[PDB]
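In: sequence first, structure after, both from an experimental entry:
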Amino acid sequence: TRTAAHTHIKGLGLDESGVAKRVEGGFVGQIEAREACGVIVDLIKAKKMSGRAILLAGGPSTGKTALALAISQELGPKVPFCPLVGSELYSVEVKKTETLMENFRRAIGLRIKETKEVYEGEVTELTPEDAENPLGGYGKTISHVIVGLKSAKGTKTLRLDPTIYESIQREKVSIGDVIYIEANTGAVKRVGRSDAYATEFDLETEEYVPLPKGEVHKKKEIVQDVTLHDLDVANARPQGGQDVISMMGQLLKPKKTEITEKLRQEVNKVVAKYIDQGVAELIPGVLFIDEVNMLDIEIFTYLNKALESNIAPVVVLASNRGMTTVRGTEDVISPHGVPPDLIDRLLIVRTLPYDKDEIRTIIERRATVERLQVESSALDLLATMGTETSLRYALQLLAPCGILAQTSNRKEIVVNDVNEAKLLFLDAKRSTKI
Amino acid sequence: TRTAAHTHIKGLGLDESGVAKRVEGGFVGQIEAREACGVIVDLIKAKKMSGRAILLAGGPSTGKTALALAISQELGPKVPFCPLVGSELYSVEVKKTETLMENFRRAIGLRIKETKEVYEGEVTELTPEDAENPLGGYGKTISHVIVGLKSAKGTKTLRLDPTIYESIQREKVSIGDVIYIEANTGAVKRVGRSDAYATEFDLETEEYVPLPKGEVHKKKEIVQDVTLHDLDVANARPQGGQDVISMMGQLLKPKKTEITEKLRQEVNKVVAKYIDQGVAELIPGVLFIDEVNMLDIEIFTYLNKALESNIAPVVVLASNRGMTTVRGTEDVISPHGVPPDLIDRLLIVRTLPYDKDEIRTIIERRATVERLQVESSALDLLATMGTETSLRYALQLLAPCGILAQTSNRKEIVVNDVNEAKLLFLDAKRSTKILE
Amino acid sequence: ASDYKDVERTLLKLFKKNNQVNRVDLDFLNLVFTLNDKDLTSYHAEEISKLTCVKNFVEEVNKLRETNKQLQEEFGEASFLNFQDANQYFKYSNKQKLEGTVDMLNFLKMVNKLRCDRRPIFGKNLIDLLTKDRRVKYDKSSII
Amino acid sequence: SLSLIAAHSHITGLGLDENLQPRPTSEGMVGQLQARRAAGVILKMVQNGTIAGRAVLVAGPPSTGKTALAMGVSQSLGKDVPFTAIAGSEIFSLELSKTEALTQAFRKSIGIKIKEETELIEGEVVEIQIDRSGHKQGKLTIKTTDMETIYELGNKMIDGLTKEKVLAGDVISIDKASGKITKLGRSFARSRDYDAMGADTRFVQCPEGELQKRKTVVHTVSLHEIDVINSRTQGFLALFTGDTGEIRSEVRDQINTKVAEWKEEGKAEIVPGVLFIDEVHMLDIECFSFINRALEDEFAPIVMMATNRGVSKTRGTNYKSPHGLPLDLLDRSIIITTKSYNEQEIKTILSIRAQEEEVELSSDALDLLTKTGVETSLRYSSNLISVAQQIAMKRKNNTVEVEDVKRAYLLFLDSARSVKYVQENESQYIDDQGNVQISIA
Amino acid sequence: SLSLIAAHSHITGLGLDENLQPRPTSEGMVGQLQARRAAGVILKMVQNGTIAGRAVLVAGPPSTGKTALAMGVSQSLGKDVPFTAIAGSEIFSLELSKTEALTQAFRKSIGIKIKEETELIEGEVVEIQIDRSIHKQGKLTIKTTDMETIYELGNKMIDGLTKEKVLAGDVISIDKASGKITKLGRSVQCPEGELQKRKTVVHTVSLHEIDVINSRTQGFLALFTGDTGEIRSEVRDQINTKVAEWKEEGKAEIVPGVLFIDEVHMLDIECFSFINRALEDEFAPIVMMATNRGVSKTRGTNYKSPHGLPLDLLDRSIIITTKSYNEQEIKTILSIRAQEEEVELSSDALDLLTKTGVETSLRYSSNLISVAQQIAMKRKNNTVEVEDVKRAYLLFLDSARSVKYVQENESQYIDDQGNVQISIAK
Ligand SMILES: Nc1ncnc2c1ncn2[C@@H]1O[C@H](COP(=O)(O)OP(=O)(O)OP(O)(O)=S)[C@@H](O)[C@H]1O
Ligand SMILES: Nc1ncnc2c1ncn2[C@@H]1O[C@H](COP(=O)(O)OP(=O)(O)O)[C@@H](O)[C@H]1O
Ligand SMILES: Nc1ncnc2c1ncn2[C@@H]1O[C@H](COP(=O)(O)OP(=O)(O)O)[C@@H](O)[C@H]1O
Ligand SMILES: Nc1ncnc2c1ncn2[C@@H]1O[C@H](COP(=O)(O)OP(=O)(O)O)[C@@H](O)[C@H]1O
Ligand SMILES: [Mg+2]
Ligand SMILES: [Mg+2]
Ligand SMILES: [Mg+2]
Ligand SMILES: [Mg+2]
């Protein structure tokens, strides 16, 4: 129901073993940029390279942010995408380099696939079977503990090992309780009483949970997604409890800190171990730094060093500048805002300006997205203004025209509404004249 | 008593009709400025308007601070008046905007009254009682406690909740100790030991205190004047709690924090409710910012927004420079060093320089208030010196003249004493000449 | 700093005498409300505010006051003169006792009104609801 | 709300008709018909709630109704729709980065209406009977004004009752989901039993109606509040202290996902609001570059911006800009302009201000004030009104007249006369070079 | 107070007579007749205490005696009166605003004397008898020079004595009110009279100390740790009003003092703007400011000023000007320095030192005395002769000769442009 500025960008709209369609996925025009973004997306999906930089170079209202969002949508929500504005790097709690590194490691992702066998159901029988003692001594010995669990369309009896008695005592389970016992670990966990005994007492503090469905023996595959930043922060943070370190952590507000290279290397080592064990897979991801012109020279030098890291994501930068001095420098005039050292390490994609027909098609598709109806003459006038002042000016002017039409009890936008909005809301040029 | 620079200023010195006398209230001259300040004082006493601002514009040594302090004296000690200078806003713990806002709410006083009932006296009995049946309660099953307090006018036997008994035990109260119970909150305080048992032991560490006067059960109405900023600070950094975390936080330094607008809104809600109920009354004060030139353009821009609030005191500003570039800006030459947008929200009260007669009268009054006797000839010499260099130079040269006269065992300052003071202590122009 | 403890004790003792006398308990008047979010709930606070017992206090005060009016009608011209009769002194003592209990009820009513008005800005139920870890349980938690 | 008569205290809202046609004077606003139409269109855009992240710039000469228009928009929006009004200089902090301050401002402008369902039993316990050896068993009685029922208590319920130390005459509430017991207070019958009462004790009536009740309650919480609560373990204190720090980006992403899940499940509703930045020209180029991308979000609010500078220098850059703002931000912003008032509009504004300040002006005094306003400034006459009222009251006259306004004009100067006096006596006031002649003779 | 020899150790006072006329050489000060007369006027104003918020500027050329004058004023002012001496570079802190630092400096120089009357028993302990509950029964005996009596203890006194574990035969001190126990060695010393004495103890504190004490739960540690923080202004107002009330009651007296800023030419315009108003209010001490630069640009401003200070502050100050010394005064100052440093100079050695000081600098000749003494000691000679001073001159260079050497060999040093010729060849 909400309508941001890129709700209609569903993807790049390419075809397999082909090129960009003229209009598909909410994109009109920009064939070369869409094809380049497609090959970059293929490279990212290959998941075999690190520190690959592409720069989205073009003027305002040329589709750069739309292209970045299309890359994000094409890769899917599983690949970690980290939108960012260059202004965000300038923190007050830590240095710029630390923030850049944190974003870098936030772009890398990890997927953990674990299969677990579990028996679940209401406890019905609890009987230990006596057996002969190997050491004699006239003592009473147990060789197994028998637990009977009943489920929806299922029930079974288990001859578990004698060790279960400790977990049963610790979890203070009873007959009528529904429990959760791991097949290979031997631990147990009770989630509550069965709903069948909710009537036995009028009041009871414990929560009665519905009887679990299916067979008692269930095999489940749990997938969890984490980022290297998440692991680093979790390892750099106290557990949280009654110990004294957590108490002083409660007293002193947790500020960002320079996470040392030792902790990061430990995280990398454990991740590599579990990846080799076959439980985890690595996803590179994308780090999108919009308005790269805002970055200072120190951040650019650290990008130069960090792009060479053996584990780094694909960095997409966007700049609407021409020959401008690099921030933090007095006489370094470089193409776009990026200093020449970083430009040598990246690949540039151009975003062309639009024609009248492209502007008109964009306007009509946006109007369709906003659930608005426009007359042909009104659409032609809107496109004329878009080519006269700005595309974004008309795209934004769509909504006030709709409001004016609705106030006039009309379900369609007409040239009168367009002119009324034009007089009410001035553009940058007409206001500068005023 | 100590004699500061503005001790002689006792008031604006106006008539009932608003006209300003030539010499009254320690002031000499400045008729128009004094009348304008009197109208402003009436406006403050009206207590109807918020965000009104005036700016005292004039040259150095003209009386801007004198007029501000006269306004403060005329309003009285029951109305807030927070002095400031432009440099004090630049803190290192919080943004300058937060400091300005805290100063704004430090000048909106609130008078809140609360009726409190206290039981005080010397403990004579303490007889805890259990329930009539053991099954009545849990564990100890402690019922009410009976305490007997003694005062100068008699004794009273009180029936207390078991919570008060627990408090009594916590405070370690025995028979004979003078105690203090607040029925408003249930708090028990141990004043000390009665003077009656002072000589029970010849060596004992006990703060012996006399028996309380009046009745044991005295009801008193307590009235306090608190600013809104006091409530904001109380909410931001509450002193409650006896946990380890609470005490550790108490030991920490009280760094200023950006108190959110939500807390201010909630404080305003509760204060409005109490004002409606009649419990509290609002006293808009005055905020005085001397040397407004030192504020940055950001501070002025935030002042534009602050002055439009529903609760804002009467800010009085002083500037002693004209056609000066505003701090934090490269090109904006402004009338008084104050941005034009803020000037449009201001009323400028121009203060004018003095002539020889006014300077002479000022020196006379300053010598009188300093407990110094000055000869007419030396006083004319001082007046000529002051009109030659500055009024403040003479006003500060008065004291060394008195010391020099005393060193010669003279009751009054003679012209020779003033000449010797000139020789010993120079002025700015003469120091510049001698260093050149 | 050990040598400075005596100075600290002297200064604190000097300041406490003025501090204690003319202060208003801001906690009692609900002017401080930042601790209430920790131990109070929104609906419980509003229910207690709705369930206040001011009416019972007012009706009991009026009942005692009309009983006192009847007693004054029976007694006649009340006076505080030195007592020479058991009846007169007993009736005067009853009058003063009834006035005292009326005052006690009034003060208790005001205290109860101020105590039941306490409310939290965010109830602990709201904090728990906004902090709850969605629908995640240990059933699908990753052991790794 | 606790308030005094302020600059914008007379604006109840935009004086718009049903067709968004402004009235010549209504709800405390005069003139600015085109600007008021545009403001009403923006207001309806906000009310519809579908369009997200729109930048509006309010431009015009000083003292022309920009902040007045913003106040009117806020009043028309009313409560239940957030409206965060901040200054340009407020975002500069020693604790938060500029981007973090802008993010918190943006999140404050979006409110979440969350529903929580609670089932409770409330009543005054009449009798409690507990038997204990093995596990304990007991029966309990709770009454209302029109109901009474005896319940049987489990072992854990008995343990909770004992740890709460509940006695007869207590009004308690139990959540049947968790069994937690909260003591509301004591009955009135137990008030006489003591002379002094503890801090915990409270006297409450017996609840009415059915013993077991189902109720849903709606809470209005901003996105920023959810982020602060879910950041630390005691963030709700930072919601008041302001010591929140730079909240983690992952926390904000988690909160966005959680709000989306709630909205899909229908227990949370989004009420977008208006972020108003006063004097946007005090912002930096970094802030504007952040704002450009911030508006391109599904949760982004509608941003109103008020500026008066023309071709001025953007802060943080070495070049001039059409409004003091970079061209990229102006591209994605629709501009609402204001126009200087004529004599009649100034007269009506002064009359409205006089009515708000309960000052009874005369016709000749009103004409003199209007002439001073058109000659010098509107705010100058508006401020002179109250000073003239005080002068007239000092003259033991209940109505203001020409003499009072003349005296107020003489006592209190304006910008022009102050500039004239400072220029005529340049030698006695400190200059840029610092030279000043304190001496007179 | 054991310490080594400084550069101002010889100045034990301002050297004035009853009529405030300074003697040619007294209390370690030589010359500067008018400066010392004015300093005596300032000292009398400080001692009177009836004048507040006066600023005196001590201006003049370097090596003329500004810091020496301040030290003489401080010594003649004596103890029992605050004297805070801070350099202008100490204001700039990362934890305190410059205005807050200046405020704390201002409050540090106003002292408050509080008298506390305590009842304490002092004597030589003899016997202690403590018994179990029959809560506790206890008797202690204290012997003095003329009395020997037993005291019947109570519960808390018994607990305190057990906590201290006082032995027998050792001098002990017990306070009746506070209950503090101060141990002393066995009776060199002995009890001197009555068992229970009535002696008052006076505590000297400053307004800043009271502010910091009330700032936190245990704020008095911050007076040593330095983590005071910007104190709330309401707390300072409370301290001020309570000090006024105490002075009215007569239970505490105020001792105004002197604040000395040695290098005011480093403070910025904000600091001066703050000082202008801080001087006006009551409880403002007397501020002494020392500057040397003739006309310079005030820090934080782009314009020159008559002393590096804004004209507003100079209007509020009276200026004491110091004049350069001549040959005889240099000779006697060097003689005083040599006497302080325990160096026996010869007549010709002293004359050579005087001519060197007149030609180059007084400080340079002052520093050469100790080096000359060490040179002579290497020759196993007691008195410092001319040749020792000549060798000291040859081994150690002054500013002018060093500048001449640098100018004549500008290639081998690093210049402002960052160029140097390290290579000895070419
Ligand atoms: N090829 C395109 N097809 C459809 N819509 C487009 C296309 N290019 C841009 N748009 C839309 O035009 C609007 C502005 O374009 P954006 O790409 O968001 O801005 P931009 O071109 O990156 O310029 P900057 O750098 O942000 S100032 C957005 O609503 C886009 O969705
Ligand atoms: N009208 C007046 N009557 C008497 N004394 C005055 C008057 N105006 C100023 N003074 C004295 O002159 C001195 C300078 O006043 P002040 O207001 O501090 O200077 P400025 O006006 O530059 O701020 C003060 O000590 C004050 O006592
Ligand atoms: N159209 C209007 N109707 C009513 N009052 C107005 C109107 N325009 C301006 N005002 C009043 O004029 C005063 C100036 O405010 P404003 O115009 O917002 O200043 P600025 O635009 O310079 O920020 C305000 O108090 C406002 O109430
Ligand atoms: N009048 C004096 N009497 C005695 N010694 C002096 C005198 N003036 C200066 N000195 C000595 O000269 C040395 C340097 O003086 P100093 O205080 O640094 O002056 P300044 O600060 O103006 O340079 C000090 O060690 C001091 O002992
Ligand atoms: Mg973009
Ligand atoms: Mg002044
Ligand atoms: Mg405005
Ligand atoms: Mg020096």
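Out: Structure received. Numbering: from 1, shown residues only, chains lettered A, B, ... in the order given. Ligands and ions are numbered 1, 2, ... in the order given.
In: all strands of the stretch 101-250 of chain A, in order?
Out: All strands of the stretch 101-250 of chain A, identified by DSSP state E, counting those that start in this stretch, fall at A:109-130, A:142-151, A:154-160, A:177-182, A:188-194, A:208-209, A:217-227.
In: and what of the stretch 101-250 of chain D?
Out: Under DSSP E, counting those that start in this stretch, the stretch 101-250 of chain D gives strands at D:110-131, D:137-144, D:147-153, D:170-175, D:181-186, D:212-222.
In: circling back: just name the most buried of the strands of the stretch 101-250 of chain A.
Out: strand A:177-182 (a mean of 21; mean count of other Cβ atoms under 10 Å in any protein chain shown). Where you see a C-beta, it was placed from the backbone N, CA and C, and this is true even at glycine.
In: could you pull out the helices in the chain for me?
Out: In the absence of a named chain, this looks at chain A. A:31-46, A:64-75, A:96-107, A:164-170, A:228-236, A:244-251, A:261-276, A:297-306, A:340-343, A:356-369, A:376-388, A:391-407, A:415-424, A:428-433 (DSSP state H).
In: if you could check chain D rather than the one you did, that'd help
Out: Ranges of helices within chain D are D:33-48, D:66-77, D:98-108, D:155-164, D:223-231, D:235-241, D:249-265, D:285-294, D:327-331, D:343-356, D:363-375, D:378-394, D:402-411, D:415-424, based on DSSP H.
In: ok, back up a step: make JSON lines out of the strands of the stretch 101-250 of chain D and add mean neighbour count and distance to chain C.
Out: Shown next, in JSON lines, are these (neighbours: other Cβ atoms under 10 Å in any protein chain shown; distance: least, Cβ to the nearest Cβ, whole Å):
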{"stretch": "strand D:110-131", "mean neighbour count": "17", "distance to chain C": "6"}
{"stretch": "strand D:137-144", "mean neighbour count": "18", "distance to chain C": "12"}
{"stretch": "strand D:147-153", "mean neighbour count": "16", "distance to chain C": "16"}
{"stretch": "strand D:170-175", "mean neighbour count": "20", "distance to chain C": "6"}
{"stretch": "strand D:181-186", "mean neighbour count": "20", "distance to chain C": "6"}
{"stretch": "strand D:212-222", "mean neighbour count": "14", "distance to chain C": "6"}
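In: which stretch among the ones you listed comes nearest chain E?
Out: Across those, chain E has its closest neighbour in strand D:212-222 (30.0 Å, Cβ to the nearest Cβ).
In: tell me what that closest one is packed against?
Out: Here strand D:212-222 touches helix C:42-50, helix C:124-131, strand D:110-131, going by 3 or more Cβ pairs under 8 Å, 6 or more residues apart in numbering or on different chains; DSSP states H and E.
In: just the CA trace of the last one, in PDB.
Out: Once non-C-alpha atoms are left out, strand D:110-131 reads as follows in PDB (Å, rounded to 0.1, in the frame of the first residue of the first chain):
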ATOM      1  CA  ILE D 110       6.500   7.400  12.000                       C
ATOM      2  CA  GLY D 111       4.200   5.900  14.600                       C
ATOM      3  CA  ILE D 112       3.200   2.200  15.100                       C
ATOM      4  CA  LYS D 113      -0.300   1.500  16.600                       C
ATOM      5  CA  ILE D 114       0.200  -1.900  18.200                       C
ATOM      6  CA  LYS D 115      -2.600  -4.100  19.700                       C
ATOM      7  CA  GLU D 116      -2.000  -6.300  22.700                       C
ATOM      8  CA  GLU D 117      -4.600  -8.800  23.800                       C
ATOM      9  CA  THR D 118      -4.800  -9.500  27.600                       C
ATOM     10  CA  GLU D 119      -7.100 -11.800  29.500                       C
ATOM     11  CA  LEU D 120      -7.400 -11.100  33.200                       C
ATOM     12  CA  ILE D 121      -9.400 -11.900  36.300                       C
ATOM     13  CA  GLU D 122      -9.800  -9.200  39.000                       C
ATOM     14  CA  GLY D 123     -11.600  -9.300  42.300                       C
ATOM     15  CA  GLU D 124     -11.400  -9.000  46.000                       C
ATOM     16  CA  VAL D 125     -10.300 -12.300  47.600                       C
ATOM     17  CA  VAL D 126     -12.900 -13.200  50.300                       C
ATOM     18  CA  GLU D 127     -11.400 -16.400  51.800                       C
ATOM     19  CA  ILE D 128      -8.300 -18.500  51.100                       C
ATOM     20  CA  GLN D 129      -7.900 -22.100  52.400                       C
ATOM     21  CA  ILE D 130      -4.600 -23.900  51.800                       C
ATOM     22  CA  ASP D 131      -3.800 -27.500  53.000                       C
END
